[PDB]
Each structure stands twice: as structure tokens, then as C-alpha cells.
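Novice: Okay, here's the structure, questions in a sec.
Cβ atoms come from the backbone with ideal geometry, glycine included; neighbour counts cover every protein chain shown. What follows is calculated from the coordinates using simple rules that are stated; it is not laboratory data.
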Number of protein chains: 2
Amino acid sequence: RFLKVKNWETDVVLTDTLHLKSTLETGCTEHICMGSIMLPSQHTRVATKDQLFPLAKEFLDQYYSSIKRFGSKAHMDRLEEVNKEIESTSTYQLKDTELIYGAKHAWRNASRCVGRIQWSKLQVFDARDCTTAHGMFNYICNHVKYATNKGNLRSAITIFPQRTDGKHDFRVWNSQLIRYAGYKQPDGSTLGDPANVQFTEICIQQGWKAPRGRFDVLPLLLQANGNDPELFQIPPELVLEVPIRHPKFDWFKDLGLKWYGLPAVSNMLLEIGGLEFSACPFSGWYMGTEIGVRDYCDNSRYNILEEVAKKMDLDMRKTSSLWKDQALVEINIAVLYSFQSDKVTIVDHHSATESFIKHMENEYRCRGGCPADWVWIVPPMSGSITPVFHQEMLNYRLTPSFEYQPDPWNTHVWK
Amino acid sequence: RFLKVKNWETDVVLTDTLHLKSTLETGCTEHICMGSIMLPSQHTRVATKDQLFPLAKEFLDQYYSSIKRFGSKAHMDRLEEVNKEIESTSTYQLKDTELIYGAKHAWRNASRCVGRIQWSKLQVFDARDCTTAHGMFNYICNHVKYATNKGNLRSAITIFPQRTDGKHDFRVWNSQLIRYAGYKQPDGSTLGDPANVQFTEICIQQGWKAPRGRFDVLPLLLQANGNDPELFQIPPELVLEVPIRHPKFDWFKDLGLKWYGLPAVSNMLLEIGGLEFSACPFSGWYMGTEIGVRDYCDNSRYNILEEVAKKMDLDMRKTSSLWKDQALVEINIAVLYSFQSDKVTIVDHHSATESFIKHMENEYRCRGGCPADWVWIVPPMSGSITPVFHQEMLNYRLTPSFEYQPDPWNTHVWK
Ligand code: HEM
Ligand code: HEM
Ligand SMILES: Cc1cc(N)nc2cc(-c3cccc(CN)c3)c(F)cc12
Ligand SMILES: Cc1cc(N)nc2cc(-c3cccc(CN)c3)c(F)cc12
Ligand SMILES: C[C@H](O)[C@H](O)[C@H]1CNc2nc(N)[nH]c(=O)c2N1
Ligand SMILES: C[C@H](O)[C@H](O)[C@H]1CNc2nc(N)[nH]c(=O)c2N1
Ligand SMILES: [Zn+2]
């Protein structure tokens, strides 16, 4: 109730009181810790009219307290105002300013995100007036253009109409706005991104004509107000890409690798005051390792370690030659150098984890804590030589938040 | 109560029922996860006569069930036999075979240990007849000689008399049997191992004459039956060491690095059936990364990244040149090659984490689970390209176990 987290590389000590305001549950118990379960049963997402006003009052009480007007008349009138609208319609509508606050704090409370030092500079695009798949395509294009900003990336979220009944639900079926396609081969191996093989054939199912190459940017599949989703191709000039080259190894270009500049996740759900926004794509910029470690070297992904190590002339017989580690560092030096040479915003895992420690200092000071998931904060390479490896972290679930949600193609009453 | 852990690199699914037998607590709650707190308040260590028989009966019930004699007469007579001895003396004495079983299962249940595939081949040296610091020195020397086995390392534990009253307590004050000394300098920097700077001056306090070099093997500080601890120097021919060289970089020898062959931790407490063994050094062999990543590159340790990167001719201005990662992989290739060229048993983090997955399969099959701490299982470099990064793990505390304990010099009623 006044718990302490220690840093063991600096002996810095911090006191968490923010975990007291925590509301959601973790999945752990006194006799079990599930801190390494990937999609815990609590991190996923239907609510009745009854539970909705405590959730609104809870939200509005932090909102007005945050603009130095806690408990005043403007706050009490708004509590009553929402109360009455939840009487009338059994739901309610957020003010524009309450929507911006709730979105910025969902990101703030995302314990698995190492980038949250920037949480307050989030551009919020209100798309709650949207009604059709084409309207969503327009909103998403304007999002992609704004956030990309010619390589000077800017953080943003686009918020589509909230869930109401549950059957009229806006959904982006893509897991990200910009993703490369995955194609299964006759022999069984995979061209493109294996992660998206199931989605790539859903697009062909709905009528996509696939170029059947490596880095083919998938189309968007947009579902508006419960209707069946529709295909649209993002204008190519809006999809900024970085060809990957090395600042020593000239043969690195021959690999013919590239990645997109904009990481923009679209399959998650934003929860604000008890309201659920099922379509809410949000974007930032990449930490290098998400591309060069996970995207490029996960076994179940592009899996390029063996062909990079070949061209490096590496001892690939013994596991203990660390040829895998050795080729992994070159691939990440290449992604960083490539993005930087092209003036596309990217951050390295050293600078981003030093920034998160800096962020943690600020949240324990001006908020009394920072929910943080070590399993996810620690970068996927060189963990112990980044300062977050030695920083104890308390994980707890605060709201507003981002939550996972099932894929629409396994839950949609089709047609 | 029938929880499931998934592997996301293979889609292999396992069912944990062993967590049902769990007894100790984790530190997490429904509203908080402390899976990244290093020394949780539960992982540390005085017990009365009352709670001691459930703990014995609990232990003896798994022991006899494990040798295919559950609930027989030999088991019921032993339950009564211990019962009566706990009536008489309010403690009890383990059979030789109950001691070997309890020790092997403490290691089996160590969720932070990636090496547990070997848990059943542990050599147990019973030192419960010891009474003096010199006797302990003799037992520890025989341990070091046996486990080292001329570089063909063998796992072992030496078990000193159990705690009874609490004031007559056997303790090894060293954190490990073989550790390098740490000396503070006039300017403030550190010669040797910074980790041991506080211990190195306790030895000089008790009269150690320090050679004041880099890799000076500390003396042993042995406390017998509550008496004040005494200094003894391990015969140098028993301390096997590996000079560190690279299989490409000839300048790597110039660094003048070496490490000891035998990892043998002596500051922890073994708990079996409610009995507490305060001195119980145990040893195995090294995973490469414990030396080349943590020992050599932790900021608060030897911290050799900058001087390795210098001699590598690295771009050391920008953080995003990944010069740190690049020099870290060379240092670990060197430790592995050095130990192997000298026929000292070492394992690389790839082979050890593939073995642990293999181990996890066996424990979920023939035991119904495997307690495992992801925060500690995942190696400190190249996390995601080893199979444990993608393996969900349930952590829970089973007994017999190894526990942490305070340092004796902050708890001993001195003289
Ligand atoms: C500004 C640049 C940003 C950087 C460098 C960054 C970095 C990261 C990284 C590396 C992860 C782990 C991802 C993975 O391993 O696949 C992550 C997770 C996440 N990020 Fe951030 N991010 C940024 C912006 C944002 C923004 C703007 C939002 C939301 C508006 C956001 C929300 C999230 C969420 C919700 C998760 C994980 C959700 C979960 O699994 O519970 N991030 N971020
Ligand atoms: C056989 C070769 C072994 C290998 C390769 C191995 C490997 C490891 C490694 C890498 C760690 C993490 C250590 C660190 O990061 O500082 C660890 C922890 C640990 N090992 Fe093993 N180990 C071995 C044998 C043993 C044996 C024989 C025992 C006990 C009899 C043991 C008990 C433990 C315990 C109790 C911990 C962590 C305790 C805690 O923090 O709760 N290990 N091991
Ligand atoms: C906005 C943003 C930026 C970034 N640099 N990275 C991000 C990574 C994720 C993410 C979270 C969980 C799983 C996955 C992979 N599907 C990605 C995310 F939501 C948003 C990210
Ligand atoms: C036996 C054995 C072998 C090995 N290869 N490694 C081991 C590492 C530890 C260990 C556990 C917690 C903290 C520390 C560092 N003080 C070491 C340990 F107890 C025993 C180990
Ligand atoms: C903060 C964190 O709990 C602490 O640094 C832990 C993280 N994981 C670790 N894992 C291992 N194997 N060894 C360690 O010392 C640590 N340190
Ligand atoms: C098994 C484990 O929970 C899973 O692989 C997690 C581990 N930590 C991670 N950390 C990040 N940043 N991203 C991930 O996808 C994962 N995967
Ligand atoms: Zn937990």
C-alpha cells in the first residue's frame, strides 16, 4: 500500500502509491504469478447500463481533478448531466476534451509500452461522426499522412464511433494499417510475412488481387457499424518505406530488404469511462528492435538470420559460436542506419530505455507511480546492458486503457 | 486450477496442475504483479515447534509416494517416528535418503534456474556431523575438488548442520566459494570485482592480507555453530581458472582477463520439511552469459565494454551504432571458446534454453508442471532468438526450496 521498487544498477528507490487507484485485475494471485502469460484472460474484451455510471463518475472525477476543477459546479453538473443521459439512453457521449484526455491516458497507462515518455504529445482525431467503410478509409488515409509527416513522425490516434448494442461495431480488420502480406508456397515455406498469412488469404477471399511478392502492402479491410468489411488500397505515395542497407557491408543491399516507416496498430480496443471504442488505430515511431529483432529474426517471421550469417562468413556449425547473436547485431545496426539516413524517425533500444527510466522518475513524482511490465519493457536483445533490465517494476491495470479484442472474422455474424 | 501455458514460437500447449500442490506465496495479488521484484519479501528467511509437523508430514508424504510406497507401514511408522521426535526435541533429523531427495527437489523447484534439466544428477555431501570452522573448510575443499573434477564439472551440494535455536547457526559468509576481490581506489574507481567490495574489506577487517590485484581469489569466512567466523585460503591448485582469449582477435589476450571454472553459491538457505539449513553451498557449471554478460559488462561490475569496443575500432560516439551490443557478442564468443579450449564445462545460452524447454516438457508430463520465472529464465542477451523468450511460464513456490537469507554480518550477535 506504499510499495517500493528498486533500481539495482543505480540503487535508486521509488515509492508507488498510484497502484492504490487500480481497478482492473492482473491474473496473478497470492499463490501464482502470470506475469509472462501473453494474452491474459483479463487483457481482453459487453457492459450493461448498471455498471456504467460508476465508470463515468470514476473517469470524470480524474478529468476535472486534472484541470484544477475537482468537485466544482462544472464537475457536479457534468456528473448529473452524464447520469441523466445514462438514464435516458443507457449510454453517453464524451466531450471533445474528455476524449482527448481519455486517449492520452490510455497510452499513459499502457504498462507494456516503453515509449510512454511522449504520452502527452498525442494528436487525437475524432472520427465519431463516421458511418461508412469509405468514410473510415478517408479518416485512416488522413491519419497516415499526418502521422508520417514526410518521415518526421508524429503520434496520433483516430477514434471511430463507440460500441453501443454490440452488433453495430466499427472494426479495422488489419492488425496494423501498414503490413506486408504473407503467402504460403507449394513446398510449404512462406513468401512475405508469415504473421499475416491468415489475414492475407481473407483479403483474397473478399476479392483482393495479390501481386504475390515479398513486401506487398496489404489492403485495408474496414467494417462500419456492423456491416461486412470492404477492401481499400492505401495510396502508395502515402506509404513511406525504408530500404535497409549497412554502413559497412555493401552486400547488405543485395538482401533486398525494406520496412515501412509507420507503426500503427489497429486491432485493439480503447476503453474510456466504461465506453468501448472497437476501432481506434494509433501510431508512433519504431524502436529499432521491433523490426531488426522480432520482425526480421523471429523464427515464425521473416527469419533472415541464416542468410545474413552466410554472407557474413560465420561459423554456423556450432550453436556456441554465437553466429546468431553476431548476425542479429548487424541487422539492427542496418535498420537504425537506414531509417536515419532517410530521416525517418526511429529510436534505438538504448535511447528508448534510458528515456523510459527518465519517464518512470517523472510518473512516480507527479503521479505517484508508473505501471510497467518488465517482461515487455526489456528489449528483445542485449537486455542487461540497457537500464530497464535492472529496474524493478510494478505492473497493475489502470483505466482509461487499451485492451485486446478477438479478431472480427471469428466473432462477426456474417452475411 | 487447470491453467494453460502456450509457446508462441511452436504453438505447443501445456497444462499445469502442479501449481495446485503449491504452498508458499508469491507476492502478487489480484490487483498487482511483482514478478519483477528481485528479492521479494517472501523469497527470504524462525519457526516454532507447532508448525513443524504438518511440514514434516507434507514432506514425508511426497517422499514415500515417490519411491512407490505411499501410505504403507514404513510411511506411517516414519510419520509417527518424526511426530514423536518432534514431541521430544521439538525438531527432528532427516534420514540420509530423505536429505538427498529434499536437496534434489529444492533445485528442481528453483523457478529462476535454467539448468534444472540436470536436477536428478546432484551429488549430496552430508556434512551434518561438522562442528568447527576448520571442519567446514575441509568439507568445502573436498566439495571444490569433487565438483571441479579437472574441468569435467559435476553438480554437488554440501549440507551443514541445520538451524535449531537460531543463535547456533552455521554460515558461509562468502556469497560464493570462489569470488574475486574488489578494492576501492583513492580516485574512487574499483580494482577487481565491485560486487564484493563490502565483503573484501570484511576479510581485511578479520585480518586478511590482500594482494590487491585484479583477480585475487577471496578467502573463505566460515562460521560454525554461532561462533565468530574464521579465515581460510582455498589451496590454489583446487581453484581452476580459465584465461579468456578470442578465436579471431589476437589482441583479446592483452586484456588479461580470466574467470574461475566453478559457480558455487554459498549464501542461500535450504528448507526441507520445515528444517532450515543455513549453510549449504551448491555448485554446477556456468552458462556463458553469467560471465561474459553480467560479470564482465554490468555497469556495477567489471564493466569492460568500453575497452573492448576501443580495441575493436568501433563507432563509440552514437548510442545507435550498437557498439555496445557489438562488443558484447565478441566477449561472449571469447568466454565460450576459452572454457571449451580448456575442457572446462560451460554451456551457451542457446543450448541451455533449448534444454530448459525440453525440461519443461518432461516436468509437465511426469509431474504436471514446472514452476518457472520468465524474468530470470530468459538470458541477458539475445532474448528473443532463444526459445524461452516465446514460452509462457507459470511461477509458483514449491517446497523443498532454496531461499535467500540476510547477510550474517548484519544479523550476528558478535563478540
Ligand atoms: C511514440 C513512439 C512509440 C514507441 C517507440 C513505442 C514503443 C513500443 C514498443 C517497443 C512496444 C512493444 C511492442 C512489441 O513488442 O510488439 C509497445 C507496446 C505498446 N504501445 Fe507503445 N510505442 C510508441 C507509441 C505508442 C502510442 C502513440 C500508443 C497508443 C496511443 C502506444 C501504445 C502501445 C500499447 C497499447 C502497447 C502494448 C499493448 C499490450 O500488449 O498491452 N504506443 N510500444
Ligand atoms: C548444472 C549447471 C547449472 C547451470 C547451467 C545453472 C544456471 C543458472 C543460471 C544462469 C541462473 C541465473 C543466475 C544468475 O542470473 O545470476 C541460475 C539460478 C539458480 N540456480 Fe541454477 N544452474 C546450474 C546448477 C544449479 C544447481 C546444482 C543448483 C542447486 C543445487 C542451482 C540452483 C539455483 C538457484 C537456487 C538459482 C536462483 C535462486 C533464486 O534467485 O531464487 N543451480 N542457475
Ligand atoms: C504505436 C506503437 C509504436 C511502436 N513503435 N510500437 C508499437 C507496438 C505495438 C504492439 C503492441 C502489442 C503487440 C504488437 C504486435 N502485434 C504491437 C502497438 F500496439 C503500438 C505501437
Ligand atoms: C549452481 C549454479 C550454477 C550456475 N551456472 N549459476 C548459478 C547461479 C546462481 C545465482 C542465483 C541467484 C543470484 C546469483 C548471483 N549472486 C547467482 C546460483 F545460486 C547457483 C548457480
Ligand atoms: C529488476 C530485475 O528484477 C533484476 O534486474 C533481475 C532481472 N532478471 C534477472 N535474471 C537473471 N538471470 N539474473 C538477474 O540477476 C536478474 N536480475
Ligand atoms: C512468452 C512471452 O510472454 C511472450 O513471448 C512475450 C515476452 N515479451 C515480449 N515483449 C515484447 N516487447 N513483445 C513481445 O511480443 C513479447 N512476447
Ligand atoms: Zn505477478
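Novice: Inspect all residues belonging to region A:42-59 and state whether any of them is away from ligand 5 (no atom under 16 Å from the Cβ), crowded, with 16+ Cβ neighbours inside 10 Å and among the acidic types (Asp, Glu).
Specialist: No; the residues of region A:42-59 include none that is away from ligand 5 (no atom under 16 Å from the Cβ), crowded, with 16+ Cβ neighbours inside 10 Å and among the acidic types (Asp, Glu).
Novice: Of all residues in region B:383-405, count the ones that are of a type in the set (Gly, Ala, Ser), under 22 Å from the mean Cα position of the chain (by Cα) and facing chain A (nearest Cβ under 7 Å).
Specialist: Step one: of region B:383-405, the residues of a type in the set (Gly, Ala, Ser) are B:383-384, B:401.
From the residues that got through so far, the ones that are under 22 Å from the mean Cα position of the chain (by Cα) too are B:383, B:401.
From the residues that got through so far, the ones that are facing chain A (nearest Cβ under 7 Å) too are B:383.
Looking only at that region, the number is 1.
Novice: May I pose another question? Go through region A:364-387 and give me each residue that's part of a loop (DSSP other than H, G, I, E, B) and among the hydrophobic types (A, V, I, L, M, F, W, C). Give the derivation first.
Specialist: Let us first name the residues in region A:364-387 that are part of a loop (DSSP other than H, G, I, E, B), namely A:367-373, A:378-382, A:386.
Within region A:364-387, A:370, A:372, A:378, A:381 meet the criteria.
Novice: While we're looking at this one, here's another question. Where in region A:92-189 are there strands (runs of 3 or more DSSP E), lying wholly inside it, with at least 2 residues that are within 27 Å of residue A:340 (Cα to Cα)?
Specialist: Values: elements: A:123-126, A:156-159, A:182-184.
Where strands (runs of 3 or more DSSP E) fall fully within region A:92-189 and carry at least 2 residues being within 27 Å of residue A:340 (Cα to Cα), they are A:123-126, A:156-159.
Novice: Could you say whether any residue in region A:224-241 is closer than 30 Å to residue B:320 by Cα, in a helix (DSSP H, G or I) and either charged (D, E, K, R) or within 16 Å of ligand 7 (Cβ to nearest atom) (or both)?
Specialist: We begin by selecting, within region A:224-241, every residue closer than 30 Å to residue B:320 by Cα; these are A:236-241.
Narrowing further to those that are in a helix (DSSP H, G or I): A:236-238.
Remaining after also requiring either charged (D, E, K, R) or within 16 Å of ligand 7 (Cβ to nearest atom) (or both): A:237.
Checked against the condition, which is being closer than 30 Å to residue B:320 by Cα, in a helix (DSSP H, G or I) and either charged (D, E, K, R) or within 16 Å of ligand 7 (Cβ to nearest atom) (or both), region A:224-241 yields at least one hit.
Novice: Count, please, the residues in region B:1-21 that happen to be within 14 Å of residue B:363 (Cα to Cα) and facing chain A (nearest Cβ under 8 Å).
Specialist: 2
Novice: To continue, here is another question. Within region B:60-90, can you find the residues that are exposed (fewer than 15 other Cβ atoms within 10 Å of the Cβ), within 22 Å of residue B:105 (Cα to Cα) and under 31 Å from the mean Cα position of the chain (by Cα)?
Specialist: Across region B:60-90, the qualifying residues are B:61, B:65, B:66, B:67, B:68.
Novice: Do you know which residues across region B:22-69 are more than 7 Å from every other protein chain (Cβ to nearest Cβ), more than 15 Å from residue B:271 (Cα to Cα) and among the aliphatic types (A, V, I, L, M)?
Specialist: Within region B:22-69, B:39, B:67 meet the criteria.
Novice: What number goes with the only condition from (1) out of contact with any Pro (no Cβ under 7 Å at 6 or more places or on another chain); (2) assigned to a loop (DSSP other than H, G, I, E, B); (3) surrounded by fewer than 23 Cβ atoms within 10 Å (Cβ to Cβ) that residue B:262 does not pass?
Specialist: It fails just one condition, (3).
Novice: Is it true that residue A:267 is away from chain B (no Cβ under 14 Å), more than 16 Å from ligand 7 (Cβ to nearest atom), on the phi > 0 side of the Ramachandran plot and polar (S, T, N, Q)? Steps first, please.
Specialist: On the way: away from chain B (no Cβ under 14 Å): yes; more than 16 Å from ligand 7 (Cβ to nearest atom): yes; on the phi > 0 side of the Ramachandran plot: no; polar (S, T, N, Q): yes.
The answer is no for residue A:267.
Novice: Continuing with the same structure: If you take the residues in region B:370-382 that are surrounded by 23 or more Cβ atoms within 10 Å (Cβ to Cβ), within 19 Å of residue A:32 (Cβ to Cβ) and more than 13 Å from ligand 6 (Cβ to nearest atom), which one is nearest to the chain's Cα centre (by Cα)?
Specialist: Among those that are surrounded by 23 or more Cβ atoms within 10 Å (Cβ to Cβ), within 19 Å of residue A:32 (Cβ to Cβ) and more than 13 Å from ligand 6 (Cβ to nearest atom), it is B:371.
Novice: Turning to a different aspect of this structure: Counting only residues that are in contact with a strand residue (DSSP E or B) (Cβ under 9 Å, 6 or more places away or on another chain) and either within 16 Å of ligand 1 (Cβ to nearest atom) or among the aliphatic types (A, V, I, L, M) (or both), how many does region B:282-336 have?
Specialist: Matching residues across region B:282-336 total 5.
Novice: Something else: Any residue in region B:316-338 that is part of a loop (DSSP other than H, G, I, E, B), farther than 30 Å from residue A:248 by Cα and touching a helix residue (DSSP H, G or I) at 6+ places or on another chain (Cβ under 7 Å)? So that I can check it myself, show each step before the final result.
Specialist: As a first pass, look at region B:316-338 and keep what is part of a loop (DSSP other than H, G, I, E, B): B:316-318, B:322.
Cutting the leftovers down to farther than 30 Å from residue A:248 by Cα gives us none.
There is no residue in region B:316-338 that is part of a loop (DSSP other than H, G, I, E, B), farther than 30 Å from residue A:248 by Cα and touching a helix residue (DSSP H, G or I) at 6+ places or on another chain (Cβ under 7 Å).
Novice: Answer yes if at least one residue in region B:167-186 is of a type in the set (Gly, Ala, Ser) and out of contact with any helix residue (DSSP H, G or I) (no Cβ under 8 Å at 6 or more places or on another chain), and no otherwise.
Specialist: So in region B:167-186, the residues of a type in the set (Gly, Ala, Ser) come out as B:175, B:181-182.
Filter once more, so that each one left must be out of contact with any helix residue (DSSP H, G or I) (no Cβ under 8 Å at 6 or more places or on another chain): none.
Within region B:167-186 (the criterion being of a type in the set (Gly, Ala, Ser) and out of contact with any helix residue (DSSP H, G or I) (no Cβ under 8 Å at 6 or more places or on another chain)), the answer is no, since none of the residues qualifies.
Novice: Right, another one. Looking at region A:277-286, is at least one residue within 14 Å of chain B (Cβ to nearest Cβ) and within 16 Å of ligand 3 (Cβ to nearest atom)? Explain how you work it out, then say what you get.
Specialist: The first filter runs over region A:277-286 and keeps only residues within 14 Å of chain B (Cβ to nearest Cβ), leaving A:285-286.
Pick out the ones that are also within 16 Å of ligand 3 (Cβ to nearest atom) and you get A:285-286.
There is at least one residue in region A:277-286 that is within 14 Å of chain B (Cβ to nearest Cβ) and within 16 Å of ligand 3 (Cβ to nearest atom).
Novice: For region A:123-140, give me each residue that is over 18 Å from the mean Cα position of the chain (by Cα) and not β-branched (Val, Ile, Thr).
Specialist: Of region A:123-140, the ones over 18 Å from the mean Cα position of the chain (by Cα) are A:126-139.
Across region A:123-140, the qualifying residues are A:126, A:127, A:128, A:129, A:130, A:133, A:134, A:135, A:136, A:137, A:138, A:139.
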